[PDB]
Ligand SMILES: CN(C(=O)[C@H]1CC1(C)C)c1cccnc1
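Before any questions on how it binds or moves, here is one chain, the form solved without the named molecule, in structure tokens.
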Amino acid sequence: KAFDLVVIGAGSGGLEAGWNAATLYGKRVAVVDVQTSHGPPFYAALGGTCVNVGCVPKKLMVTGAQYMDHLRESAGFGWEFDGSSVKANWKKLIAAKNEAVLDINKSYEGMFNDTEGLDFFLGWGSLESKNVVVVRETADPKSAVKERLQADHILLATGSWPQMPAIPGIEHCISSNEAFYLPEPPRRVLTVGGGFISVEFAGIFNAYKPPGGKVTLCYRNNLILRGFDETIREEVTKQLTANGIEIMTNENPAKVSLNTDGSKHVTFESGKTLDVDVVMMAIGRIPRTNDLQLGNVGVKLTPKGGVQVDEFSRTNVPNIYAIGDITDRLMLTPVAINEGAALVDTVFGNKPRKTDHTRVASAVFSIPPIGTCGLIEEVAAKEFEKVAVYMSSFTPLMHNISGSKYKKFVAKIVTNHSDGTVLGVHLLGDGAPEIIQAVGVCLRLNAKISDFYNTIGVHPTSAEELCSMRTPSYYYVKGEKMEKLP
């Protein structure tokens, strides 16, 4: 009942810290989670949100959805078949996804059973005191104690949970959690929100909808994907529209009621209405701090409910740390993992290291997808007196042949024009998430535009566009956009 490290949440951050502490530094580690495999009732399980109801199944389902475009695009290359025979079997997809996720759940079970001094406990972790975690049967802090774990070090890694707007009829709505288990593909669906989850699910539902189907995405403000490159936000909007998705911007559900046939009658704040089979809310995720009973030991939370941390993931309470989505910063699996690897290398390795939250490569598995690293030009322009933007945008030749002429590839490089340092790189098109990864390494090394343009291209690729840009398309001078420098 005594451990060097007790980890609450067997997720992206918690398992990296757990596994590293045990295998690299021979520490004794307890990891707590509420469930051993994916799905209802608690959705996240052993492996965490990404594995169970996140990156991993989403990416499989986006890959499934991409075959709608491949089957169509094949014709330009001479592929012939009965287009009238094409059916998308959603139930097949969900069964394949469930088996893939279950195998990961079982692989992490193997990990725990095989590894000496790495123990999994099932149930709800909360803080009794500075150095004791209690595991209870439920999230009710009044439920039975299953275990009482003594901890020299405590890691909070409980991740996040979907936010559901408190509107009349919210009980008729789902989150991404339930989207992964829909028994049938909705004919009509409203994805609510302008972020990556709404956009990615609009793509998935668009490909699997039965005949006479319609995907509508609504977003309360003027343009989806706030925080991404503006050219890309506008282009994704166009390319989703071109593939049959209806984008309702400046719109937000005020309420939902059930029609007598079980369908949903959505009333917008504007007075507009829409009938759909599914209303998927994807308006935000909030850190999971409530169930940890953090008041018991006085861990400080943020305005927003995230665990306050320093650069070394330390709470205000010594021996208690917090990584990943519970900190309510960048909610990405590789950031959680990086934080956990740094924390353990620091605390047990005696090799202090801090996660760099700048120049983080990330992606949106929109069709086609986004790959991005570092600053968008609007942000650069407020920090740097002179910003250059290098931009290449065109329909690739293969998509002039495929018939998807609307698939404009966008490559933007944002520099500090004073020394040429690359501040950010923004890609839209097939392979963007794959192209961007080694760009993250380039930015860590303070690559300049001349490092890209002096590197020899791999031909033919989309990626080589990044090595062909010698001349700014335009600038920001003290925050002001202009074609040419003074």
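From 1 onward, residues are counted along the sequence shown.
Same protein, other form: the form solved in complex with the named molecule, not shown, and the subject of what follows.
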So the named molecule isn't shown here. In the deposited bound form, which residue out of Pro318, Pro352, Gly403, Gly227 has a non-hydrogen atom within 4.5 Å of it? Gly227
The listed residue (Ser263, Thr231, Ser362, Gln239) that reaches within 4.5 Å of the named molecule in the deposited bound form by any heavy atom is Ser362
is_contact(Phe348, the named molecule) in the deposited bound form, heavy atom dist at most 4.5 Å: no
Would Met331 show up as a contact with the named molecule in the deposited bound form if we use heavy atoms at 4.5 Å? yes
Report yes if any heavy atom of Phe268 sits within 4.5 Å of a heavy atom of the named molecule in the deposited bound form; otherwise report no. no
Among 253-261, 381-389, 298-306, 331-339, which stretch sits within 4.5 Å of the named molecule in the deposited bound form, heavy atoms only? 331-339
